[PDB]
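Remarks on the overall topology
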Amino acid sequence: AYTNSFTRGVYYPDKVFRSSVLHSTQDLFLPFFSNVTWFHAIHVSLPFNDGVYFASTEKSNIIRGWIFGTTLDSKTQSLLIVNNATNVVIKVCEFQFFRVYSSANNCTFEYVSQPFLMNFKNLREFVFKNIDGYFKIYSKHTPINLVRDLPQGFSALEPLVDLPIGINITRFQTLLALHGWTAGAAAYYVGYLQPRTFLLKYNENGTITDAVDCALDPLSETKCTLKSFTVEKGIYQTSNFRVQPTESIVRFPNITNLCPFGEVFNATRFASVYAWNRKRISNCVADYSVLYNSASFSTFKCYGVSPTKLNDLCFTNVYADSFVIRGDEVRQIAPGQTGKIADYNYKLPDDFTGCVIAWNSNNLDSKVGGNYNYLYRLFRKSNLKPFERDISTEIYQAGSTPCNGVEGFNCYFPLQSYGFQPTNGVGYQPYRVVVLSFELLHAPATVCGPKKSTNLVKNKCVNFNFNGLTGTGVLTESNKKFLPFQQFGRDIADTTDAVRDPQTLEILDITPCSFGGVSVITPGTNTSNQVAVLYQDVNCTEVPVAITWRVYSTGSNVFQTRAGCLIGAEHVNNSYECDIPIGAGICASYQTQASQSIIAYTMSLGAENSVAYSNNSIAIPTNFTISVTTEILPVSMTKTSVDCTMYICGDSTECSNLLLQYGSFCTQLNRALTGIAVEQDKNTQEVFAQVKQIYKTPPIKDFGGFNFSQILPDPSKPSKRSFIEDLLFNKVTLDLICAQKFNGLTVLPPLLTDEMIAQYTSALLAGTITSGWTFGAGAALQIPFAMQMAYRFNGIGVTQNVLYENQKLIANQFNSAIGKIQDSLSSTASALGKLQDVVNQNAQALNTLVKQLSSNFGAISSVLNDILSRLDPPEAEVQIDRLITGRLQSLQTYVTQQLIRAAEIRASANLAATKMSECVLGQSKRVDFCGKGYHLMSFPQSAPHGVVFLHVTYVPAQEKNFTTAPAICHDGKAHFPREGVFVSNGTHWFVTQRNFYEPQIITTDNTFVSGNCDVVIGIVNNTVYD
Amino acid sequence: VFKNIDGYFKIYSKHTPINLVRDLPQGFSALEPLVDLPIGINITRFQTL
Ligand SMILES: *[C@@H]1O[C@H](CO)[C@@H](O[C@@H]2O[C@H](CO)[C@@H](O[C@H]3O[C@H](CO)[C@@H](O)[C@H](O)[C@@H]3O)[C@H](O)[C@H]2NC(C)=O)[C@H](O)[C@H]1NC(C)=O
Ligand SMILES: *[C@@H]1O[C@H](CO)[C@@H](O[C@@H]2O[C@H](CO)[C@@H](O[C@H]3O[C@H](CO)[C@@H](O)[C@H](O)[C@@H]3O)[C@H](O)[C@H]2NC(C)=O)[C@H](O)[C@H]1NC(C)=O
Ligand SMILES: *[C@@H]1O[C@H](CO)[C@@H](O[C@@H]2O[C@H](CO)[C@@H](O[C@H]3O[C@H](CO)[C@@H](O)[C@H](O)[C@@H]3O)[C@H](O)[C@H]2NC(C)=O)[C@H](O)[C@H]1NC(C)=O
Ligand SMILES: *[C@@H]1O[C@H](CO)[C@@H](O[C@@H]2O[C@H](CO)[C@@H](O)[C@H](O)[C@H]2NC(C)=O)[C@H](O)[C@H]1NC(C)=O
Ligand SMILES: *[C@@H]1O[C@H](CO)[C@@H](O[C@@H]2O[C@H](CO)[C@@H](O)[C@H](O)[C@H]2NC(C)=O)[C@H](O)[C@H]1NC(C)=O
Ligand SMILES: *[C@@H]1O[C@H](CO)[C@@H](O[C@@H]2O[C@H](CO)[C@@H](O)[C@H](O)[C@H]2NC(C)=O)[C@H](O)[C@H]1NC(C)=O
Ligand SMILES: *[C@@H]1O[C@H](CO)[C@@H](O[C@@H]2O[C@H](CO)[C@@H](O)[C@H](O)[C@H]2NC(C)=O)[C@H](O)[C@H]1NC(C)=O
Ligand SMILES: *[C@@H]1O[C@H](CO)[C@@H](O)[C@H](O)[C@H]1NC(C)=O
Ligand SMILES: *[C@@H]1O[C@H](CO)[C@@H](O)[C@H](O)[C@H]1NC(C)=O
Ligand SMILES: *[C@@H]1O[C@H](CO)[C@@H](O)[C@H](O)[C@H]1NC(C)=O
Ligand SMILES: *[C@@H]1O[C@H](CO)[C@@H](O)[C@H](O)[C@H]1NC(C)=O
Ligand SMILES: *[C@@H]1O[C@H](CO)[C@@H](O)[C@H](O)[C@H]1NC(C)=O
Ligand SMILES: *[C@@H]1O[C@H](CO)[C@@H](O)[C@H](O)[C@H]1NC(C)=O
Ligand SMILES: *[C@@H]1O[C@H](CO)[C@@H](O)[C@H](O)[C@H]1NC(C)=O
């Protein structure tokens, strides 16, 4: 039987308390939704690889006992756990498989301890792990409902005990004791752990409440990468994919330059004993396999080198000595061994980096009468130096008297050769011995081996090697024309691009295994859980054959695009607004095409339109909308202060004295940050403090129907802000601050408090609504808001009569616009994106800075205190200086990023100051500067580290067609409109303003004369009143 | 071209026909490598036979 493990196989990774923190771990866990074996134990009257997760839900404690080992037959040590009524007993010994075991031999360690395990069934979760000879056991007891077959539910297993088990473990078994055998059946669950990366969520109590398997599905991969349980709708770049190579191929030239070492093995007569000949070969190829294949031998023992080792080791100055010796003298030449021949004929150095090969030579050297030609000398002045030969025939005085002349009593220089006979000498028969030594100690290398190659593969990623040039990828037919001296080809980027086969002189291109970006496209995690996967710049004929999660690699949804391919969304022919941009004009959405799914499509650039252009057709608007639009501008950012001493050094005197050497760097960093903070204050002053005096709105708020109650301050609230200002303040969200403060990263408060910023804004509002643009230039001059509105209308080329004749309508439009602003700000949280993401950037920068303190930067650890405690000053300081360099580099990176961010914030603040000067303090003519349409006025509103402009704009609407002429000819002379345009309703002609349909009688006042009507193209005929 | 670097003695050569207007005419050509020998001896002075 089998089933799926939903949320089981989770434990506390280490004995450490945490709280309200999402922690990422890499350890042995049971993967989520895994193939868990449902065992049933029934009587008729398992491999332990990378830990085991064991679950039991049976009653009456029926399942009692565990076995772990490699053989479990008392040949090798075994681990056994057994439980009964009162306690639990553990052994690690060789038990012969008390019905459990027969005999106890070689027993070394046993453990006796507290009990572990004490119709609603209960789960008894156990986890067994074995790492570097340490066996950790984890457990948990959880009563549940009846049956439920591994229900939905999460809980982690606390550790109980760890065992120092020093034996290889391969298989584990369960045992149980039963009460004539009673018939019975039971059930348990077995799961296998893998090296996985998990994300654990800790509650306020520090209990692991929930987990995410990062390496299960793309959605959980995005969850683990963002370190959050909720993922906002969009596209997120996850870990990069690379198709792995298939095999390894090695290419070398054909076999050349052979060592003729067979001939010296096949020599008719070998070198003498006392007069051994020394020989050296180099610059060829030798093998040991063929050496004992062609020339078989049985008497050989080698010192310091493995028989297989000689084949791959590359010689320059190898010493070879071959001679015929007696079988009993074959083993006597070993260094430090005493003997007549060793001390007076030939011996090897103590540091003999070599080995001996011996074989029989009786049948090739011995005669019937004996070979009396292998003469030697078992007499010398002393123990001769290693690798020395002597042929000087000086008489040796062996006896007590100076034996001189031809001979003496038992005195002679040479000795008669051994009676070398085939059968008579049992171990005295001659043997040929060759001693090969390789005490090289030299730069050149000559004699290594044929350096064997393998078969050639093509059109497939491989680990290719060409005469030491190593790489990975596919090979293809080469169009390059090499030259005989050229071997491989490089490109502009100094990388290998084409290589020639050293065996046969054919050349192939090199292209490493195709790869690209992996992106996950998701809607809101709350909205849905199905995701799409984008493979960037990879042809998706390759990923399906590349089928760690590869479930989606052979999905029925594949769409190919310029950006790459998309899997998990269906391409559709119709075009919508872009929601999630994919790239190269492809956008993804989540909709029902009634079941909802992810789709991909070509983005629409807006509704198709054809402007009704003609010779003489104009469209004139007859109505307008007073559109009030919010423009959010960041003005300042959180003024940050950092002290080197607190951050870089954990209040250590030694670290402080080592850091004082970098005083220049620290003063530069402090100067840069102080400059940034003073610049933030200057930004706020330049944007807001543009008024010499603080103006006050009158108690009578009568502005000809315009209602400024939502933007003017309300005395009720303690901080005298407005309704809209309060909404903006609530929308932006401004512990980790305590940790930042404790690590020496402080936030200096702005010079201007939110109260005085609101007071500056209120002064600007009062000046704007009571004086208009005049308070910007010089002394504030009072003017009714109606006539200021008439002036703003006159500014955009609309005659002031329009506003006075529609005063109530414009006032109602403005009020409804403010109402819509209030509703939009109250409803959605996406309004103040810019200020919120600025705050998020600053918070992320500070969090990254605090997190880099965990990096060791190649030191022993990331904490100075343990370094000081565990190290004597010199090694302590040689670690601490590296740590200081790392942390100073992190601080420099932070300060540089802050300088660039402060430059962009200063650009935004200069733009905000320009907008306050040109939109608030006056009416701007710059198109689309102070909002979309014809700008009328603006209202500043303070917001957390920024400003909001309520750009009031005139937008024409309800346009209609008219017939138009460039000029009028009345009395043979052309007439032109003073300021407006000629239009005809079909019968009569009229002069009108260009932004509001208002026809007027064509008279001498609104028109001026110029030349005659035979030059202007498109002039028409009409009459002009005096 | 005769070189010796890290005990490795390298020979480069090239063969060109000329009308023998005069010694070392105007022209461009490179010397393709022929043989490198791992000699590893001291070279300071050289002579032509
Ligand atoms: C220019 O556009 C104005 C709207 O942008 C438009 O105002 C609209 O006028 C109509 C009729 O005068 C109103 O319609 C409603 O009138 C009353 C409420 O006052 C209702 O009882 C009726 O049933 C009807 O629904 C609109 O309410 C009003 N819109 C606004 C925002 O006030 C002007 O009339 C237009 N001017 C010209 C010259 O076309
Ligand atoms: C300017 O606009 C203001 C908001 O649109 C408006 O204030 C609003 O006034 C109305 C009635 O005058 C209030 O409506 C509520 O009045 C009482 C309050 O106890 C309730 O019992 C009623 O049921 C009703 O809900 C709004 O509460 C009030 N809104 C705010 C935000 O204060 C001003 O009156 C407008 N200015 C002028 C001159 O009229
Ligand atoms: C195009 O514009 C024409 C010029 O304004 C317009 O003609 C005008 O039409 C109105 C009635 O629709 C006339 O108004 C007078 O009508 C009678 C005439 O006897 C009087 O008794 C009334 O009291 C009223 O004053 C205008 O007299 C007339 N303009 C002229 C100069 O005669 C056309 O109707 C417009 N046509 C279209 C299709 O838009
Ligand atoms: C964290 O543990 C505390 C106990 O130390 C929990 O507080 C009690 O929880 C029980 C069961 O949930 C309630 O019956 C009590 O009313 C709680 N006591 C108090 C004073 O609130 C607390 O609920 C746990 N928190 C979480 C998130 O599980
Ligand atoms: C897969 O890789 C590229 C990328 O799609 C393929 O190149 C396209 O091939 C199709 C059909 O032959 C053409 O219509 C496109 O114009 C090609 N585009 C580009 C950018 O090259 C290529 O044919 C496929 N196979 C291989 C081996 O690359
Ligand atoms: C001005 O007149 C033109 C043409 O007389 C109008 O354009 C037509 O609009 C209708 C529906 O909007 C289409 O079915 C026609 O194909 C259009 N014709 C042309 C030639 O473009 C235009 O709508 C009129 N202007 C306004 C503001 O309505
Ligand atoms: C505007 O009216 C004038 C006359 O009042 C037109 O001028 C005449 O045009 C015709 C045809 O080209 C000529 O035969 C006459 O000789 C012109 N008379 C004069 C006095 O110039 C003129 O054509 C009209 N405008 C247009 C655009 O037709
Ligand atoms: C579990 O594995 C067995 C054999 O290894 C297989 O027969 C069975 O279908 C698998 N079950 C699941 C749910 O994958
Ligand atoms: C449990 O078993 C141990 C030995 O394995 C023994 O010492 C102990 O007496 C047993 N207790 C009971 C209650 O069976
Ligand atoms: C294991 O026990 C056997 C007795 O059968 C003994 O010969 C051997 O020396 C023991 N080995 C160890 C390592 O204790
Ligand atoms: C290597 O030997 C093979 C086997 O016949 C031959 O085809 C190939 O041409 C040889 N290459 C060289 C460089 O000798
Ligand atoms: C996700 O949707 C739920 C309702 O289904 C809503 O309560 C929640 O606010 C949404 N998430 C976010 C981040 O707004
Ligand atoms: C888009 O239209 C073409 C023909 O115009 C058709 O072949 C194709 O199947 C359509 N796309 C989809 C996703 O059905
Ligand atoms: C626009 O005026 C020119 C001037 O001669 C004329 O040729 C053209 O036909 C006119 N356009 C149309 C659409 O009639």
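Residues numbered from 1 in each chain as written, not as in the entry; some residues may be left out. Chains lettered and ligands numbered in written order. Part of a larger assembly, values for the part shown. Heavy atoms only, no water.

Regarding how it was determined, this PDB entry cites cryo-EM in its header, along with a resolution of 3.0 Å.

Some details on the overall build of chain A
When helices and strands are counted, chain A shows 19 helices and 46 strands. In terms of overall dimensions, chain A is more spread out than a globule: its C-alpha atoms have a radius of gyration of 47 Å, far above the 31 Å expected for 1026 residues. Taken over the C-alpha atoms alone, chain A extends approximately 165 × 90 × 65 Å along its principal axes. Looking at chain A residue by residue over its 1026 residues, the buried ones come to 43%. Carbon and sulfur atoms form 54% of the exposed surface of chain A, whose accessible area is close to 55,500 Å². Side-chain charges of chain A comprise 78 positive and 79 negative groups, with the mean position of each set lying 5 Å from the other. (Helix = DSSP H or I, 4+ residues; strand = E, 2+ residues; numbered from the N terminus. Rg over C-alpha atoms; globule rule 2.2 N^0.38 Å. Buried < 20%, exposed > 50% of the residue type's maximum accessible area, 1.4 Å probe, protein only. Areas by Shrake-Rupley, 256 points an atom, 1.4 Å probe, with all protein chains shown as cover. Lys, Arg positive; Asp, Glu negative; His and termini not counted. Charge placed at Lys NZ, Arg CZ, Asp CG, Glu CD.)

Describing the state of the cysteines
All names here are of chain A. Under the counting rule described, the total for this entry stands at 13 disulfides over all chains. Through a disulfide, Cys 649 is tied to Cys 655; the S-S separation comes to 2.0 Å. Here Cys 649 and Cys 655 share a disulfide; its torsion about the S-S bond, -65°, makes the bridge left-handed. Summarising the burial analysis for this pair, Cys 649 and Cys 655 share the class buried. (Disulfide = S-S within 2.5 Å.)

As for the site of ligand 3
All names here are of chain A. Inspection of the region around ligand 3 gives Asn 985, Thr 987, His 988 and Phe 990 as its neighbouring residues. A distance of 2.4 Å separates an oxygen atom of ligand 3 from a polar atom in the side chain of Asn 985. For ligand 3, the accessible surface in isolation is 750 Å², of which the surrounding protein chains cover 19%. Among the residues forming the shell around ligand 3, the class breakdown is 1 nonpolar, 3 polar and no charged. (Near = heavy atom within 4 Å. Polar contact = N/O pair within 3.5 Å; in protein donor to acceptor, adjacent residues only side chain to side chain. Nonpolar A, V, L, I, M, F, W, Y, C, P; charged D, E, K, R; others polar.)

Here's the deal with the sheet that holds strand β32 (residues 580-583) of chain A
Residue and element names in this part refer to chain A. With respect to topology, 4 strands assemble into an open sheet ordered β31-β34-β33-β32, the strand pairing being mixed. Two strands lie at the open edges of the sheet, namely β31 (570-571) and β32, each paired on one side alone. Across 3 bridges, the pairing between β32 and strand β33 (residues 586-592) is antiparallel. Its bridge partner being in β33, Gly 583 is matched across the sheet by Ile 586. (Pairing = 2+ DSSP bridges.)

Re the UniProt feature "disulfide bond" in chain A
Formation of the UniProt-listed bridge between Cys 578 of chain A and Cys 587 of chain A is supported by an S-S distance of 2.0 Å, under 2.5 Å. Under the relative-accessibility criterion, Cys 587 of chain A is labelled buried at 0%. (UniProt positions renumbered as here; feature names shortened; annotations may be inferred.)

Digging into the side chain of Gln 680 of chain A
Assignment of secondary structure puts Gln 680 of chain A in helix α9 (residues 663-688). Those residues within four positions of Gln 680 of chain A in sequence are excluded, and the remaining contacts are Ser 636, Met 637, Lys 639, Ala 902 and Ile 905 of chain A. (Contact = heavy atoms within 4.5 Å.)

A closer look at the nonpolar core
Residue and element names in this part refer to chain A. Residues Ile 325, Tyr 346 and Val 433 are the most contacted members of the largest nonpolar core, which totals 41 residues. Elements that contribute at least two residues to this core include exactly β19 (319-326), β20 (354-360) and β21 (430-437). Once you skip the residues sitting within four places of it in the chain, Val 433 turns out to touch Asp 321, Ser 322, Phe 323, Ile 325, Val 330, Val 356, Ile 357 and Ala 358. One finds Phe 708, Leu 832, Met 937 and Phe 996 within the second-largest nonpolar core, a separate group that totals 40 residues. (Core = buried A, V, L, I, M, F, W, Y, C linked by side-chain atoms within 4.5 Å.)

A word on the packing of helix α10 (residues 723-731) of chain A against helix α16 (residues 807-827) of chain A
Residues and elements named next belong to chain A. The interhelical angle for the contact between α10 and α16, taken along N-to-C directions, is 20°, at an axis separation of 10 Å. With respect to their mutual orientation, α10 and α16 come out roughly parallel. You can see that α10 and α16 cross each other, and the crossing is left-handed. The residues of α16 that touch α10, namely those facing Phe 723, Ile 724, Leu 727, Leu 728 and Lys 731, are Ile 818, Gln 822, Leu 825, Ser 826 and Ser 827. Partitioned by chemical class, the residues of the contact of α10 with α16 number 6 nonpolar, 3 polar and 1 charged. (Axes fitted to C-alpha atoms, helices over the stretch in contact; angles between N-to-C directions. Parallel < 35°, antiparallel > 145°, perpendicular 65-115°, else oblique. Left-handed = near helix turned anticlockwise from the far one by under 90°.)

Focus: a nonpolar patch on the surface
All names here are of chain B. Together, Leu 34, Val 35, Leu 37, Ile 39, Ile 41 and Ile 43 line one region of the surface with nonpolar side chains, adding up to about 510 Å² of accessible area. Tracing the chain through its elements places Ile 43 in the segment after β3 (32-37). Residue classification places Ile 43 among the partly exposed residues on the basis of a relative accessible area of 40%. (Patch = residues over 30% accessible without salt bridge, like charges linked within 9 Å, V, L, I, M, F, W, Y side chains within 5 Å. Salt bridge = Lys/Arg side-chain N within 4 Å of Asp/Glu carboxyl O.)

A few points about the sheet that holds strand β1 (residues 2-5) of chain B
All names here are of chain B. Reading across the sheet, the 3 strands line up as β1-β2-β3 and stay open at both edges, with antiparallel pairing between neighbours. At either margin of the open sheet sits one strand with a lone partner, and together these are β1 and β3. This sheet shows a mean twist of 25° between the axes of neighbouring strands, independent of strand direction. Bridge count between β1 and strand β2 (residues 8-13): 4 bridges; the pairing is antiparallel. Within β2, the residue paired with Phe 2 across the bridge is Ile 11.

Observations concerning the pairing of strand β12 (residues 171-174) of chain A
Residues and elements named next belong to chain A. Taking every second residue as pointing to the same face, the buried face of β12 carries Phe 172 and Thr 174, while none of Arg 171 and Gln 173 on the other face is buried. In the sheet, strand β5 (residues 66-69) pairs with β12 via 4 bridges, with the strands oriented antiparallel. From the neighbouring strand, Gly 69 faces β12, where its bridge partner is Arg 171.

A few points about the environment of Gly 69 of chain A
Residue and element names in this part refer to chain A. Topologically, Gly 69 is positioned in strand β5. Judged by relative accessible area, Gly 69 falls into the buried class, the value being 0%. In this structure, the C-alpha to C-alpha distance between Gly 69 and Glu 94, residues 25 residues apart in sequence, is 9.9 Å. Residues in contact with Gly 69, not counting those within four places in the same chain, are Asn 168, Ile 169, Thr 170 and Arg 171.

Some words on the packing of α9 of chain A against helix α12 (residues 754-770) of chain A
In a packed pair of helices, the relevant descriptors are the angle between the two axes and the axis-to-axis distance. All names here are of chain A. Interhelical geometry of α9 versus α12 gives an angle of 20° and a closest axis separation of 10 Å. When the axis of α9 is compared with that of α12, the two are roughly parallel. Each of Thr 684, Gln 685 and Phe 688 in α9 lies in contact with α12, whose residues at this interface are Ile 757, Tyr 760, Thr 761 and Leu 764. Of the residues in the contact of α9 with α12, the class split is 4 nonpolar, 3 polar and no charged.

Focus on the pattern of salt bridges
Residue and element names in this part refer to chain A. Scanning the entire structure with this criterion turns up 22 salt bridges over all chains. A salt bridge links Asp 501 to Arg 251, with the shortest nitrogen-to-oxygen separation between them at 2.8 Å. Within this pair, whereas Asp 501 is found in the loop between β25 (496-500) and β26 (507-511), its partner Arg 251 is found in strand β17 (residues 247-251), the two being separated by 250 residues in sequence. Each member of the pair, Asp 501 together with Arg 251, is buried. As a salt-bridge pair, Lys 639 and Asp 681 come within 2.7 Å of each other at their nearest N and O atoms. In this pair, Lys 639 sits in the loop between β35 (617-634) and β36 (640-642) while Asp 681 sits in helix α9, placing the two residues 42 residues apart along the sequence. Grouping residues by exposure puts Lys 639 and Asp 681 together as buried. The network of salt bridges with common partners includes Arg 377, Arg 380, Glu 388 and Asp 390.

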